[PDB]
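Taken in order, these protein sequences are the chains called F, B, I, C and G.
Each residue of the first sequence is one higher than the one before, counting from 296 in the authors' numbering.
Going letter by letter, the second sequence gives residues 1 to 8, 18 to 31, 36 to 71, 88 to 220 in the authors' numbering.
Each residue of the third sequence is one higher than the one before, counting from 34 in the authors' numbering.
Going letter by letter, the fourth sequence gives residues 12 to 208, 213 to 221, 228 to 330, 339 to 600 in the authors' numbering.
Each residue of the fifth sequence is one higher than the one before, counting from 4 in the authors' numbering.
Beta carbons: idealized from backbone N, C-alpha and C, even for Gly.
First up is the structure itself, then whatever we jot down about it.
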Amino acid sequence: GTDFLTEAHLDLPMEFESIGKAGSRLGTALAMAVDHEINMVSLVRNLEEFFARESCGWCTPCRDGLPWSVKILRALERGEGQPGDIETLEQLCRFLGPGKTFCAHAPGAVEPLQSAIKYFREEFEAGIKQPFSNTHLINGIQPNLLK
Amino acid sequence: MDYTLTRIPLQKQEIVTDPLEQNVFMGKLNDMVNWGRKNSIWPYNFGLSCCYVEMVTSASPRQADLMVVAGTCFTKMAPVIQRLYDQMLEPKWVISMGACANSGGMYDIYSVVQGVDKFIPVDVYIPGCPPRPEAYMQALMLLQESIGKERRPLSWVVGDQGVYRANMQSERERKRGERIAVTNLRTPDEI
Amino acid sequence: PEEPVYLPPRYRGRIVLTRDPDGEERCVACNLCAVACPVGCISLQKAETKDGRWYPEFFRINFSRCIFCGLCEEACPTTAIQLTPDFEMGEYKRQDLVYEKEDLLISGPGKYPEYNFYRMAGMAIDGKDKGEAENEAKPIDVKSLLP
Amino acid sequence: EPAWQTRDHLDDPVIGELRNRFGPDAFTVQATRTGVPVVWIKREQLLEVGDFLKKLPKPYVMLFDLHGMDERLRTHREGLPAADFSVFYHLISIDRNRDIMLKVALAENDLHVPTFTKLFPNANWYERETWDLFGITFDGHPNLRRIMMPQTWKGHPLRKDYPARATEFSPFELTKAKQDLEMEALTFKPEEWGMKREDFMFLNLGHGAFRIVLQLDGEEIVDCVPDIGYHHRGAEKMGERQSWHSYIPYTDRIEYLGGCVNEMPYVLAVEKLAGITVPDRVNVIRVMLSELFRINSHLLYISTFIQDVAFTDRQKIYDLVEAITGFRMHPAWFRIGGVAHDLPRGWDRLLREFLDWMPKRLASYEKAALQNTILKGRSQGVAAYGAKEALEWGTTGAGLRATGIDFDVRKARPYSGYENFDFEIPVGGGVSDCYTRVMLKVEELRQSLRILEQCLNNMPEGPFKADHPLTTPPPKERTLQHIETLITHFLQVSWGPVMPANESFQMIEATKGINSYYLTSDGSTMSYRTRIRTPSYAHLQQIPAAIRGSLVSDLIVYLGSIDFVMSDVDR
Amino acid sequence: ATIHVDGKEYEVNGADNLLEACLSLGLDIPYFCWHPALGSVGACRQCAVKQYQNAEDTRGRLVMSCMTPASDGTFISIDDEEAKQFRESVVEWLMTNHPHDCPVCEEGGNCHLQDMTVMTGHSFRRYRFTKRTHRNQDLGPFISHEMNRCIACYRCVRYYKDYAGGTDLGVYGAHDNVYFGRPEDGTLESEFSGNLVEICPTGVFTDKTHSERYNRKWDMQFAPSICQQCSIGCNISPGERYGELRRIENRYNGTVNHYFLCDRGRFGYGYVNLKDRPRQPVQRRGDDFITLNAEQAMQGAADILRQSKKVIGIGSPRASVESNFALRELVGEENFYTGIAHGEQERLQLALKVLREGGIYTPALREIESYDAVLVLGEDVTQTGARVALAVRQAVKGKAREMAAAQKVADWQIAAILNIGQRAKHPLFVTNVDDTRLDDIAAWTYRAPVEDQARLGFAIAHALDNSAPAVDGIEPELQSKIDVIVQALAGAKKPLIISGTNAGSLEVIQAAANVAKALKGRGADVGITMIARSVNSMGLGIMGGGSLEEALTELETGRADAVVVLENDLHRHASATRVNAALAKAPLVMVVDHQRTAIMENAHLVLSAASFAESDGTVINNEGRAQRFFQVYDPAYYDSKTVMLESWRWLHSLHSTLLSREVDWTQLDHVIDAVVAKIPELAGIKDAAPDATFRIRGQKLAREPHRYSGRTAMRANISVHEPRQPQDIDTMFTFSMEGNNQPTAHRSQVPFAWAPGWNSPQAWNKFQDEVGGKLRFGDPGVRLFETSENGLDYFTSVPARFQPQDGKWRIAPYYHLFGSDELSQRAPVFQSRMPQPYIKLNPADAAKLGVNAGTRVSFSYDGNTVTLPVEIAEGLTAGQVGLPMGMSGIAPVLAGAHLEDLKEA
Ligand code: SF4
Ligand code: SF4
Ligand code: SF4
Ligand code: SF4
Ligand code: SF4
Ligand code: SF4
Ligand code: SF4
Ligand code: FES
Ligand SMILES: [Ca+2]
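Laid out in structure tokens, this is it:
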């Protein structure tokens, strides 16, 4: 529910305020360790899959942004990432913070995404390989190709 | 086919058969009269706003026995149109160019008469904002056919003094097969 | 008049109604073309096939009023109404210039050959179950065992 | 800062001059998107405010426009005086290269405005049009009558309560008008026309077709009131009826030779209302099509003026227009996004074929027009006026630059990326003669060929529609395979694009002069007010000021030398 | 309280919501889950603005406008960068999985999601993944279901459960595969399920009756009219196209019918587009039914009425005030007979006596919801006129609202109010012959014969005030519940008593008046409402006249040889054989009607009248207010051979041709002047709407939107020449779009709500001074009734107990919503909704007869043995038999009558 920290934040005392100023929070004070052999993209994909499928169905942003994060992270897993996905995830994290949603499920969902983008950005960049293609041809209509 | 008889916009028309099926010299002489009226047609292109300039790329009244009403039917110019219509001499025919002469034609507003059909009879209509000169020419052929199948009084002394207009088959029913049987078209992304 | 005149493919002449590659009429009997008409020379009424698709019960166009400016073709979201390069019109009576549905619907796809609107719509269609359209997932049941 | 921003223009020094002259009070500055300072002047201060503007060190010398507006149904009126009606005067100063707007508020009970013809003599037809279309009366006005509608017309058309529909056509009224036309010369009363009552013979002399009454001293002509309004289509009243998107063909049909040039100002003013900044490719396409239709109009004008004393050129331009757009004459191709479709895959070949064959046609045209001594002798010294009868009678066409006044809209107030195209405008010297006007339009045609060559050289490959959500219609492929684009296409086709309540104004160098659109929006999907200022209106108003002391042949040679269009005059 | 929006001061209420405060100011904030009548939740997050703490603040915080109080000193911003892009993101998330089927959708130009997607300015799509789908359900004959269009803003379930009290709709599923519907496939049995069509901002719940013969919103020609299906008189907007009425929408009025209709008025418009309706005047000689125009019909009818010795006019409770008055002027006052039974007319007259002479205030439909204890005597309110029952549900929820207000939680958040409530209900005591649909919320339901309900009311009145007459024979087990009702009504600040003429007994009205008077005696703010039978039965009672029985006796006696029946079937109010014999004995029978009734056979002249869609008229509500309905379309626009004129027009021209031998196609305002000059108690009907010479800034008001499409091709299939527009000289409306429908226009009657950027039914909030309140510039219809200074007397006539008798059966009405209205059964879509013709029996009575449930039984009435299938009623009493009134063959006047020979068939 909390967000990832690096080795430099391992020396902080496990307190509410001490981890609060580190861009994080203490939470349930049960630490979760991730080693070097595990891709951050897959781990955050599993986190977002849990938060998407285990959320309630009340309010819009969690309901229709956590599956979008799940699909983006699956595309990053399979190497089918398109330019404009990491920025979409950052905007999603900024718009799923406290107060923007009905309850505090979504901020705790998007804190791991925020820390994964902030710290382990290079794997998310490496998940993008194929160019952006949302629309397909109609073969009788000239497309609005912009520069 | 059967005809409508006009005899001496508000008058009444009745649908009867032609009087030629009831003499053999009158049949061929009326055919020659209709042939002569069909082949030599003298138009009077009325000078209006923006269909008249379009048929420029394609004379005095009362020698031209035909009026082509081009532009928009303005309420100030509608008396001019009717007066110029009664100037011409029988027989006379009317070809309407553009939507503005058939109907109101994109101007359903206070200062526009909804076509010359409101006040003068029209023989041939041409639809659409400015028609091509080839559309005017095909309307000329259609009206030539309509004139060629007619029964007008050959003299004002002896004979039936009534004008018989033929009920032509409509062009949408005649050309229905060739229009419905169109499978594919060129894409608009090229020239 | 002997030699035919060449006209470009993007020529605004006679209005036709267009079929899809499947064979039915593309027209879903909305009123976008009737209301985008500045003259107001399009009239139609929606009827519904007993299993699925909409179609026009009638489709009449007053060509004595039409100015061939192409707003209806531009406003069709099904590419059903199109403006052919054919211009050889002109009739004897104005009443016969009102082209009905049988005078407009042609037997093939015109300027937009491969497009089909119902392959994008999400409604239940004869030959198209729910979740069979493009970029559309199969319906997960409300009673399904997965979370 | 974007060019479409709602500015108040209190930094304009003319506002400071007005504050120094008439005090900080007594006029209300309105913040619009027109790009000009708009001041609400009280009714009794109007004549002295105009007199002060006429006596500035760089005075406002030309009355660009003068028309009314029905404020009764206008809901969004914030920062505006309590007005049932309003009369706006648009004034242009060329030395300042600026323009101001003067709005006078009126109530229902007293629709009386002091006349403006004692200051600007071109205000006569504008005040007659305001009295015709609205109910506004002008005090101290000679022959104040209906100019667009006949005198036997009851209501006022541009009023909001007047229905904008064609009523039932009664033949009885048409027979009254036919009988009136039969006795028009018999019961002619030269006091309603504003005429002087034995040589003087009164006759109605029947491009377009319009009557012009004539007073004869033998053959020499002493007074003339050109009767206009015979081609009145009600473009503005239909502008109050159609939406922002359906009015584009009506903007094509005011001037048929211009067409796309005439749907340019409406599109630009609509984009100013919507806050849309179109990309550079859209600007280049607009410039190319506008100069293409300008070449069409100039070639037809030169051919018409030279015929009485051409086919393949206009056919090739019309073939190119048919390739780019729909049919040739009225394209209806400029959208709020900027164009309807993208350019096809063969326009380079057609434009290069057009541009590699027209310079020798220009050489032939100049060789013809420089050697016809009969045409030069017939066209020299006729209807001579230098800068004074052209600075006060409108006259914004080729005559304004024939007087030597260096004022082109494409250079003074550039639009649609015309600053990126290098072209030197032509200006005449001294007398605005007819032959000088024709030579100026020949040089304008050469400059338009140069602009087309520049457009063919460097065409950007960006989008053909802007990314703004108010681009009507949205791009078609995204409409067909995305749902938000389908929403925008649906609601911009069905009801119309909802635009915020602002006031916009676009001034455009047309094919024959300066055409301008002035759009007032009430926040709805229609236009609350559409005003189309036309050059040919002011070009037809100046015939009495120029052909007093000439013959009928001189009058009709001048009429042919004027590039006016009757449908352009009567809207 | 004052607020600051975008650095601009505004004076709003402090006790209401911030979203509704901003929408009341004309500001635009998008919203999905908020409704003015349903409170505020957070099911969407669309109304987000940025709130600051003090005047000088830059960061702010994104809050919800519908969940922030509009307290004094708030500084909010709507159109800054962050809130605008967040609302764009929310509409992007909602439209992430939304089907690409807008042109094939029923909403189209009526969709709120389209307006709020355009308003947020979201056009480009960057979601490239797959969408979400759901299976649809069969919700019945009226509601089409398309669950894929849903955005899960929870408004439908909140309305249907919290507001409507229905037990069908609900939320199923989970995070993203959420569902809104029924647990199975079946018909929504709530009487207010039709409001889900406009409650849903998407195309999920749509109108099936409008799905068939569908057109878009801008193609509809609208008019403000009054629903003619029962006595509540809910304000409706019927809209037509191509000469047939296509869809009835809600018309806002903050006094009667604010936001919600019932299913009968929403889906009973199918009788006006039947192809068997009279369209031309038809006259018979022998067996020849020839067709006349208007002038020949008037001349011939005037000739036969002149040659007659005495004329009698039989009015109807469904015709307007103008039509009934025109009949009252065509025939004499001394011979003018209201076409209702003597007992039903007597009940109507005493109900009117309690209304305008009982000295007790009668509330409107909106202010029923403010009462504290409701006692319904005899009436099946939820089935006769259901909108009063919905207001009764709201009045019951008023106790939970009061308990929430005691805890200082704001009234616009209904979740906390329902949390505090927890089945805390205001006292509702309903009495009926069987079960009702209000029994789930009622404090007590009394299943008893009608006389026993009357004695219960008399006992309540006696125990509330000893001056009332006493009741002998009350059992103590019933006396305890009598005491329960007495202490419930005595402690209520605003008690409400509901009765009506459909109960079939005079004494129920008497007992309700006695209870109301006893509550008024002890200083309570007691109100009374009476549910009448038809739309203008109260207006007919105010106009007055003889009964239908007196007309029939005048017919077979031979005193009158000419009868003019205006819009009456005449089989609902009297026996069929007697009416048929009386009409066959009459030498001249004229029937002025728009529905092909049974008496049009062997009727010597038939005048094709006009329905509410094709006529102008005035109708009086059950509360007594006189509203007026306007013509929607000209019937002669398409197929101009039909004349189809107004009923008052027909009768006035017939009277003019009778007197001066010439026709006079009069005007509506002339008839209104004649009514207010002849009848003094009807003088208030020239205050409902202004004259035909009323203009806002010189122009009329448009029946159709500005984007009315296809004007030049609408009639092109029969005439390419466009005809002139129909001229409406009767009223303030023009038949074209050249009018005025501005929200900021000085008028009370709105044909349809449309605002730029608000194409949905949620454009009504632009037409009101404050949203969810009264309409701006007043409300349509004036009350016409003033409370008397003194009340009536205590009605001493207390009936005895209902003793069952052998060989005879007391008939009890049931009054189904979809089958007990004469104009509703003729609608083809109702015929699948009405139950099969049945008859209810007690288990003891069925055991005595030996008949099992579901089998046929035969009973004889008027010498006619008819066989109906039985069903067992648990709540019915012994010695009674139950029938659905209003059906084919079962008259509504059969209530309270006797029955003989219940033999098994
Ligand atoms: S944020 Fe909370 S209330 Fe909103 S949908 Fe997610 S779990 Fe439910
Ligand atoms: S149809 Fe078009 S080109 Fe012809 S007169 Fe009308 S507007 Fe002009
Ligand atoms: S081309 Fe234009 S005028 Fe013709 S039907 Fe289409 S929208 Fe209407
Ligand atoms: S032609 Fe196209 S726009 Fe018109 S109703 Fe059919 S699908 Fe809709
Ligand atoms: S079905 Fe309609 S009202 Fe119900 S939650 Fe979905 S969008 Fe909202
Ligand atoms: S409910 Fe609205 S957004 Fe959804 S498909 Fe229908 S019209 Fe489109
Ligand atoms: S409660 Fe009565 S008046 Fe209201 S909609 Fe229902 S049937 Fe009509
Ligand atoms: S309107 Fe839904 S969160 Fe406020
Ligand atoms: Ca009427």
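(request) Please find out if some non-hydrogen atom of ligand 3 comes closer than 8 Å to the beta-carbon of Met259/C. (result) Incorrect: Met259/C has no Cβ contact closer than 8 Å to ligand 3.
(request) Flag this pair as touching only if the stretch 372-386 of chain G and the stretch 584-591 of chain G have three or more C-beta atom pairs under 8 Å; answer yes or no. (result) Contact fails between the stretch 372-386 of chain G and the stretch 584-591 of chain G, because fewer than three Cβ pairs, one in each stretch, are under 8 Å apart.
(message) Is any non-hydrogen atom of ligand 8 found closer than 8 Å to the C-beta of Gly394/F, if you look at the structure I gave you?
(response) Result no, Cβ not under 8 Å from ligand 8.
(request) Can you check the stretch 677-701 of chain G for any beta strand (DSSP E) of at least 3 residues that lies completely inside it and give the ranges in chain order? (result) Within the stretch 677-701 of chain G, no complete beta strand (DSSP E) run reaches 3 residues.
(request) Return yes when at least one heavy atom of ligand 7 lies under 8 Å from the C-beta of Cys230/G, else no. (result) Checking the Cβ of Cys230/G against ligand 7 gives yes.
(request) Consider the Cβ of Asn100/G: report whether some Cβ of chain F lies at a distance smaller than 9 Å. (result) It does; some Cβ of chain F falls within 9 Å.
(request) Below 8 Å between beta carbons is the criterion; list the residues of the stretch 418-442 of chain F that meet it against any residue of chain C, in chain order. (result) So the close ones are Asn429, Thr430, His431, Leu432, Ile433, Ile436, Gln437, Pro438, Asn439, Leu440, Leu441 and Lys442.
(message) Given 8 Å as the limit, tell me if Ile235/G has its C-beta closer than that to any heavy atom belonging to ligand 7.
(response) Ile235/G has its Cβ nearer than 8 Å to a heavy atom of ligand 7.
(message) In the DSSP assignment, the beta strand (DSSP E) including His148/G goes from what residue to what residue?
(response) Start and end: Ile146 to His148.
(message) Can you pull the chain G neighbours of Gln198/B, defined as C-beta to C-beta under 8 Å?
(response) Within 8 Å Cβ-Cβ: nothing; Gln198/B doesn't reach chain G, min ~18 Å.
(request) Compute the distance between the beta-carbons of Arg254/C and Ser556/C, then report whether it is under 9 Å. (result) Not closer than 9 Å, so no.
(request) Determine the burial state of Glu67/B: buried for a count of at least 16 other Cβ atoms within 10 Å of its Cβ, exposed for fewer. (result) With 16 or more other Cβ atoms within 10 Å, it is buried.
(request) Taking only the alpha-carbon atoms, compute the straight-line gap between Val592/G and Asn296/G and give it to the nearest angstrom. (result) Approximately 18 Å between the Cα atoms of the pair.
(message) Looking at ligand 2, does it come within less than 8 Å of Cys158/B, judged from the CB to the closest heavy atom?
(response) Answer for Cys158/B: yes, Cβ within range of ligand 2.
(message) By the 9 Å beta-carbon criterion, what residues does the stretch 88-100 of chain I contribute toward chain B?
(response) Listed by position along the chain: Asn95, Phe96, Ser97, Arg98, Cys99 and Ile100.
(message) Between which two residues does the beta strand (DSSP E) holding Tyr547/C run?
(response) Counting along the chain, the beta strand (DSSP E) containing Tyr547/C begins and ends at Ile543 to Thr549.
(message) Less than 9 Å between the C-beta atoms of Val522/C and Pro502/C, yes or no?
(response) Yes. Within cutoff.
(message) I need the straight-line Cα distance from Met70/G to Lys366/F, nearest angstrom please.
(response) Rounded to whole angstroms, the separation of the alpha carbons of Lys366/F and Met70/G is 32 Å.
(request) Check the Cβ of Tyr251/C against every Cβ in chain B and list those closer than 9 Å, keeping chain order. (result) Residues of chain B with a Cβ closer than 9 Å to the Cβ of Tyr251/C are, in chain order, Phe103, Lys105, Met106 and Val109.
(request) Could you name each continuous alpha helix (DSSP H) segment of 4 residues or more that falls completely within the stretch 362-445 of chain G, going from the start of the chain to the end? (result) Runs of the alpha helix (DSSP H) inside the stretch 362-445 of chain G: 384-387, 389-409 and 417-424.
(request) Would you list, in chain order, the members of the stretch 112-124 of chain G that have their beta-carbon closer than 8 Å to a beta-carbon of chain F? (result) Answer in chain order: no residues at all.
(request) Give the secondary structure of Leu74/C by DSSP, where H, G and I count as helix, E and B as strand, and everything else as coil. (result) Residue state, collapsed to three classes: strand.
(request) Using 10 angstroms around the beta-carbon of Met39/B, count the other beta-carbons present and answer buried if the total reaches 16, otherwise exposed. (result) Around the beta-carbon of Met39/B, fewer than 16 other beta-carbon atoms lie within 10 Å, marking it exposed.
(message) Under 8 Å, with one C-beta from each stretch per pair, do the stretch 314-332 of chain G and the stretch 614-622 of chain G reach the 3-pair mark?
(response) Segments in contact, yes.
(request) Let me know if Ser184/B comes out buried or exposed under the rule of 16 or more other beta-carbons within 10 Å of its beta-carbon. (result) Result: exposed.
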